[PDB]
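Numbering (the deposited numbering) for the sequence shown: 2 to 301, 312 to 380, 385 to 674, 677 to 727. All C-beta atoms in this analysis are idealised placements derived from N, C-alpha and C, irrespective of residue type, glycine included. Below is one structure, written out as structure tokens, with a few remarks after it.
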Amino acid sequence: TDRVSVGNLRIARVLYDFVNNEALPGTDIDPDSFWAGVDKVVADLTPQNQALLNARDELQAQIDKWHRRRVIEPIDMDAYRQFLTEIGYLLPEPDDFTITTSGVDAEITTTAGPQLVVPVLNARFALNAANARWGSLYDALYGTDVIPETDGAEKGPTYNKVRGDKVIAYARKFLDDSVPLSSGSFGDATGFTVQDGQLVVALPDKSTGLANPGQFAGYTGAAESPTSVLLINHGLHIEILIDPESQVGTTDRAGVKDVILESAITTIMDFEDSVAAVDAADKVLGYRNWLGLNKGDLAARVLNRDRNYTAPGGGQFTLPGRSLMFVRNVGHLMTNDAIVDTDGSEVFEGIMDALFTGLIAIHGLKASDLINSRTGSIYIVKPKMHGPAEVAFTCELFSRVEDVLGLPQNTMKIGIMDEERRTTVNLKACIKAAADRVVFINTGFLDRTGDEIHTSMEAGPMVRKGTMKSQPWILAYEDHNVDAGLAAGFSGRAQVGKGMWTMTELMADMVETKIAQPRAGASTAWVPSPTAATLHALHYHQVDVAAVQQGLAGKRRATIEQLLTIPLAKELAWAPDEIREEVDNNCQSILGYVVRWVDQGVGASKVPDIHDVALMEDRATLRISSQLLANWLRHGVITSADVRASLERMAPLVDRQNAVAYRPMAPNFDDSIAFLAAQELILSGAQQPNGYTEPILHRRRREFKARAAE
Ligand SMILES: COc1ccc2cc(C(=O)/C=C(\O)C(=O)O)ccc2c1
Ligand SMILES: [Mg+2]
Ligand SMILES: [Mg+2]
Numbered sequence: 002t003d004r005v006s007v008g009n010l011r012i013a014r015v016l017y018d019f020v021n022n023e024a025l026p027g028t029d030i031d032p033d034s035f036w037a038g039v040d041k042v043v044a045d046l047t048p049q050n051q052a053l054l055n056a057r058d059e060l061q062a063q064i065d066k067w068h069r070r071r072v073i074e075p076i077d078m079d080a081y082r083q084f085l086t087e088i089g090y091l092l093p094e095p096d097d098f099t100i101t102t103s104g105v106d107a108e109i110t111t112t113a114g115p116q117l118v119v120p121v122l123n124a125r126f127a128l129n130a131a132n133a134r135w136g137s138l139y140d141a142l143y144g145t146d147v148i149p150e151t152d153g154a155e156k157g158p159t160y161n162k163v164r165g166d167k168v169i170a171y172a173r174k175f176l177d178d179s180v181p182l183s184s185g186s187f188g189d190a191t192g193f194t195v196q197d198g199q200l201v202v203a204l205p206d207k208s209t210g211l212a213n214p215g216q217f218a219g220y221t222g223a224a225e226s227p228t229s230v231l232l233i234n235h236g237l238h239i240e241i242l243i244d245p246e247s248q249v250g251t252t253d254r255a256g257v258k259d260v261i262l263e264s265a266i267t268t269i270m271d272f273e274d275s276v277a278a279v280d281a282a283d284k285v286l287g288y289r290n291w292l293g294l295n296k297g298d299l300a301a312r313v314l315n316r317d318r319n320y321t322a323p324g325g326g327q328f329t330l331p332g333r334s335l336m337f338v339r340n341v342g343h344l345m346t347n348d349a350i351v352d353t354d355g356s357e358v359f360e361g362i363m364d365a366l367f368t369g370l371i372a373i374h375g376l377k378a379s380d385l386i387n388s389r390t391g392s393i394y395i396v397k398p399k400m401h402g403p404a405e406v407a408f409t410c411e412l413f414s415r416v417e418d419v420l421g422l423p424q425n426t427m428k429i430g431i432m433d434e435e436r437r438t439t440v441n442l443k444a445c446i447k448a449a450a451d452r453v454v455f456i457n458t459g460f461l462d463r464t465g466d467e468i469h470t471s472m473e474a475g476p477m478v479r480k481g482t483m484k485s486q487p488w489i490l491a492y493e494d495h496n497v498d499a500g501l502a503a504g505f506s507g508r509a510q511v512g513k514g515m516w517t518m519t520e521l522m523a524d525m526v527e528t529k530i531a532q533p534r535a536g537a538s539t540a541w542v543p544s545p546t547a548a549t550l551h552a553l554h555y556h557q558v559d560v561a562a563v564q565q566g567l568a569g570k571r572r573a574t575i576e577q578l579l580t581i582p583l584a585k586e587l588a589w590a591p592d593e594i595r596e597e598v599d600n601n602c603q604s605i606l607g608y609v610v611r612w613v614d615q616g617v618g619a620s621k622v623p624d625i626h627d628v629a630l631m632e633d634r635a636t637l638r639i640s641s642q643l644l645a646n647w648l649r650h651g652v653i654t655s656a657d658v659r660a661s662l663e664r665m666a667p668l669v670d671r672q673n674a677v678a679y680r681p682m683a684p685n686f687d688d689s690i691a692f693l694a695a696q697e698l699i700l701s702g703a704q705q706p707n708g709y710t711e712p713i714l715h716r717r718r719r720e721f722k723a724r725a726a727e
């Protein structure tokens, strides 16, 4: 056995060596004490971890049996609520309180802006994400459909000046609405200068200053013909680049080359739903990337240095060139044979992630041969928790890891995903359980939709997938999340965050509708690319999030009844063509994701749906699709033959979109491990714990790896 014995643990050699040779050096942590602590923590906390998972199962069975023993319809919310209280699912709401989290960076406590999520196993994506703190607006407008590709303005192989003018004019309007001139418009500016520490913009027939001179933040170059002008609005920086001999500047009335936005303020390096990591070799690749990110030396293309500026008065100052980094550990469910005990049982992956990503994170608190958290914190997102006891356990785990790492208590801060029903309905108690550690709450609406379907599996058939985004339960869930955060003092102390935009090509749609999120008081929301970060940043220049949160203080906009409104489909409701479309749509989504998961170990993939729209699919959207079909199969909406036919229908189409080093599924379907994984996720969906996809995915990916080795 390629394994190392430490107490009761047998550690995969590749992981043991990585930690000893790469992660421990520079921490001043004694290697023997670390591994002894690994062993101690795993032995102490595994039972409670397991008890919690059994409790999920106890609760789900009592709820299953509750729906089964009643034909009365539609519902007796009074009865259902009393039952949830009786069985300990719905707990008493504690008294009001204010969080006490301290030692947090300004990007979290203060700044409102985009938050980018990226798979940590892909080093190149992770580098671009960390560098996405600044992004070119002209590139993002020219490259996407925010400037429509109408007649004459489409993208070709070389610069289309008609299109670029549209981009320039779009950016002038943005500047006008964000940093207004005293009189006149940026559209007519001819140049910029600094005089007596003030920004002076030259118009055709006069000159003007800023309506708020305080929005002038700095410049580069000679004051009397600068190379760039730096502005701030709503805590976010805008940089106007001036270069008339550049390609775009030659055509511009003021020589303006580009407009740079402070874009992804923070970034979440993901070990969970956007990655596939089923053994020690996978986790080591992830850990190694997370290590180079914190040491500053990851290269695939390198990390950016900080940005240098001249203050208005004349001094020098610096701005961060990198996004402040979070890490998303896996949650409490899965184990991983990267470590096994003497009976051969796998160790809980979440316990491992806290020990190892926390150890690695120490490097980001010290100088890189230039830092992540200047205030001494480690920022871990914790997903897929169910209720305050599960939150308390995470807090205890962090305490024990801090002790093993020699770290001050409460160094390891937690971003609470609100993406499971038992957390939503006890949200205040969950925040209280982490009152000294919590740095955000975030509505992970995709996982939350999966948990909604699974929890009420037995109640009846659910509405279609596309219908879910506007059901009553989800809008109350969204508002109740903001209310609980604001009520716990998150304003000025912690982030209130919302959901991912998954239509990577529908960027005009994103600019037009994602504005709802800061309008609802969210200080941050999730984007999947640096491009999307730059464009989403526009919404924080239009909406004053701090003032919005102020106006919501004390309001109570969601009742417990509304939260508990199950998304049951009404009588009739669907025609045959609509039932067929939803089945086809779900099967292709599942197939396209799973085939790259199982075969190539890619945890996030662009997959076109039945309407040919490109969706960024990850494990959460997979949880929704499989659970929805499982629920339809369970209540007689469709038959097992419909599932099989739809899967066999869509598989050749997926094979075409991948034709790469790719193994087709058709025509020998039952010989493709990926195809059988898709089938299994639907047919066993109702039996997976809380509808989770990781058991089946991890098993099938390991099965595939084993075949590829003989
Ligand atoms: C590179 O493209 C990506 C990367 C990461 C992603 C992460 C999520 C996600 O995790 C959503 C939630 O947690 C929740 O709704 O439950 C969704 C789409 C993603 C797409
Ligand atoms: Mg999620
Ligand atoms: Mg304003």
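Excluding its 5 nearest sequence neighbours in each direction, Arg57 has C-beta neighbours in its own chain below 7 Å: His401, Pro706, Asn707, listed in chain order.
Non-local C-beta neighbours of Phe692 in its own chain, meaning closer than 7 Å and more than five positions away in sequence, comprise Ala666, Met682, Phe686, ordered along the chain. For the 8 Å CB-CB criterion, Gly514 and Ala540 form a contact. Secondary structure at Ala449: coil, using DSSP grouped into helix, strand and coil. Here DSSP, grouped into helix, strand and coil, assigns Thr353 to coil. At least one heavy atom of ligand 1 sits closer than 7 Å to the Cβ of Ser275.
A Cβ-Cβ separation of about 3 Å places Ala133 in contact with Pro545 under the 8 Å criterion.
Every beta strand (DSSP E) stretch that sits fully inside the region 593-674 and reaches 3 residues is listed by chain position as 620-623, 629-632. Residue state for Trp541 is assigned as strand, using DSSP reduced to three classes. Secondary structure of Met345 (DSSP, three-state): coil.
The beta carbon of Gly210 sits closer than 8 Å to the beta carbons of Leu182, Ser183, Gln199, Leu200, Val201, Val202 from its chain, once the five residues preceding and following it are set aside; these are given in chain order. With a cutoff of 8 Å on beta-carbon distance, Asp317 and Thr329 are scored as near each other. In this structure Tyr81 does not touch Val260 by the C-beta definition: roughly 53 Å separates them, more than the 8 Å allowed. Taken from the Cβ of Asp559, at least one heavy atom of ligand 3 lies inside 7 Å. For a cut-off of 8 Å, the C-beta gap from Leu630 to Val617 is around 15 Å, too long to register as a contact. Rounded to the nearest whole angstrom, the C-alpha separation of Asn9 and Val20 is 18 Å. A Cβ-Cβ contact shorter than 8 Å links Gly114 with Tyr555. In the DSSP assignment, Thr409 forms no beta bridge with any residue. Every alpha helix (DSSP H) stretch that sits fully inside the region 212-262 and reaches 4 residues is listed by chain position as 248-251. Of all C-beta pairs linking the region 468-481 to the region 627-642, three or more are shorter than 8 Å, placing the two stretches in contact. Annotated three-state conformation of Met270 is strand, per DSSP. Counting only runs of 3+ residues, the beta strand (DSSP E) found wholly inside the region 118-199 occupies 135-137, 192-196, in chain order.
Bounds of the alpha helix (DSSP H) holding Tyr288 are 281-296. For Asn707, there is no enclosing beta strand (DSSP E), as DSSP marks it with neither H nor E. Under the three-state reduction of DSSP, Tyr555 is assigned to helix.
The alpha helix (DSSP H) runs lying completely inside the region 420-491 and spanning 4 residues or more are 436-439, 442-448, 460-470, 480-483, given in chain order. The beta carbons of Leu461 and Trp612 sit no closer together than 8 Å.
Straight-line spacing of the CA atoms in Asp624 and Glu596 works out to 11 Å.
Using a Cβ-Cβ distance cut-off of 8 Å, the region 178-197 and the region 264-274 are not in contact, since fewer than three pairs of beta carbons, one from each stretch, lie closer than that value.
Here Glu240 is buried, its C-beta having at least 16 other C-beta atoms within 10 Å.
In the three-state DSSP reduction, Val105 falls in the coil class, being neither helix nor strand. In this structure, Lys174 is the residue among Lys174, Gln196, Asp197 with its C-alpha nearest to the C-alpha of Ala190. Two segments are said to touch when three or more pairs of C-beta atoms, one from each, lie closer than 8 Å; by this definition the region 491-503 touches the region 575-582. Straight-line spacing of the CA atoms in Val43 and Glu87 works out to 33 Å. Within the same chain, and ignoring the five residues on either side of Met345 in sequence, the residues whose Cβ sits closer than 6 Å to its Cβ are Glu360, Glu711.
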